[PDB]
């Protein structure tokens, strides 16, 4: 796909807006029986015996949407090119709440321990699904069958081996389904993703402060070193993210991970391609 000139003319620029709700394990608000924990995992707890058999509710997964863009070609073609994005984690202020009814206290008579600890923040803008690389802390982990999360065993069609604690070139997938690819199993593949831009960070520790910023004045430019943004194949724009904001500390000692939604406003332009 050879990249030609930017299309000149009236309706050459467009804007795409959307938000993605977090897929922490309880992924739907519409199941009365368990939806009270929507945007959280269940309780995360080392079993103390082998092997680990994590349940789907304890496996935060990436959020993804494919956005359909205005059709460009009737019959060398025009493609939408993503050039910038404004993105924001929404609901940050909710985390000042230190009086959840079942919050573990910092000490006797004190306030709740605020949401804190492990953070994981990433977003990606691309013209096709984000490429994923599989790597796990423990290859002996027995993830649930797709029946359900997509894990390394799913893509290999056989059990993990010790090499899956490192980089196994065969352990690859595409982020093509919302709330189905666990964060603990899949990371962005730096060996591919030529047609995506991704940005991420992690923070470990149990009670490490959650420190986050928000402003409507911040823009990320999506152009590469040659001045070309992601090109949207088949008029589809892929947007991916994850925003783990820390643990909810419960009175019993039990802890669950929590996530927040993310907002996007992407600017695109028409580009001639060969």
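Residue numbers count along the first chain shown, from 1.
Open item on the list: Where both flanking residues are modelled in the other PDB entries compared, is residue 33 itself missing in a third or more?
Closed with: That residue is missing from at least a third of the other compared entries.
Task: Across other compared entries, residue 147 missing in at least a third - done: Yes, residue 147 lacks coordinates in at least a third of the other compared entries that model both of its neighbours.
Task: Interresidue gap class [residue 75, residue 76; deposited sequence, unmodelled] - done: Gap size class: 4 to 9 residues without coordinates, per the record.
Open item on the list: Residues without coordinates, deposited sequence, stretch from residue 147 to residue 148: is the count none, 1 to 3, 4 to 9, or 10 or more?
Closed with: 1 to 3 residues are missing.
TODO: Check the entry's C-alpha temperature factors for 152 to 160 and 125 to 133, then say which stretch has the higher mean.
DONE: Looking at the recorded C-alpha B-factors, 152 to 160 comes out higher on average.
TODO: On mean C-alpha B-factor from the PDB entry, just flag whether 263 to 271 or 4 to 12 is the higher one.
DONE: The entry gives the higher C-alpha B-factor average to 4 to 12.
Task: Residue with highest C-alpha B-factor in the PDB entry, from 230, 236, 46, 209 - done: By C-alpha B-factor in the record, 236 ranks first.
- [ ] Using the entry's values, work out which of 88, 176, 189, 81 has the largest Cα B factor.
- [x] Of the candidates given, the C-alpha B-factor peaks at 176.
TODO: Sorting the chain's modelled residues by C-alpha B-factor, tell me whether residue 222 ends up in the lowest, middle or highest third.
DONE: Its C-alpha B-factor, which the entry lists for residue 222, ranks in the middle third among residues of this chain.
- [ ] State the tercile, meaning the lowest, middle or highest third, of residue 28 with respect to the CA B-factors recorded for its chain.
- [x] Its C-alpha B-factor belongs to the highest third of this chain's values.
TODO: Name the third of the chain's ranked CA B-factors that contains residue 51, choosing lowest, middle or highest.
DONE: Within its chain, residue 51 is a middle-third residue by C-alpha B-factor, going by the deposited values.
Open item on the list: Where does the C-alpha B-factor of residue 142 rank in its chain, lowest, middle or highest third?
Closed with: It falls in the middle third of the chain.
Task: Ranked against its chain, the third holding the CA B-factor of residue 58 - done: Within its chain, residue 58 is a middle-third residue by C-alpha B-factor, going by the deposited values.
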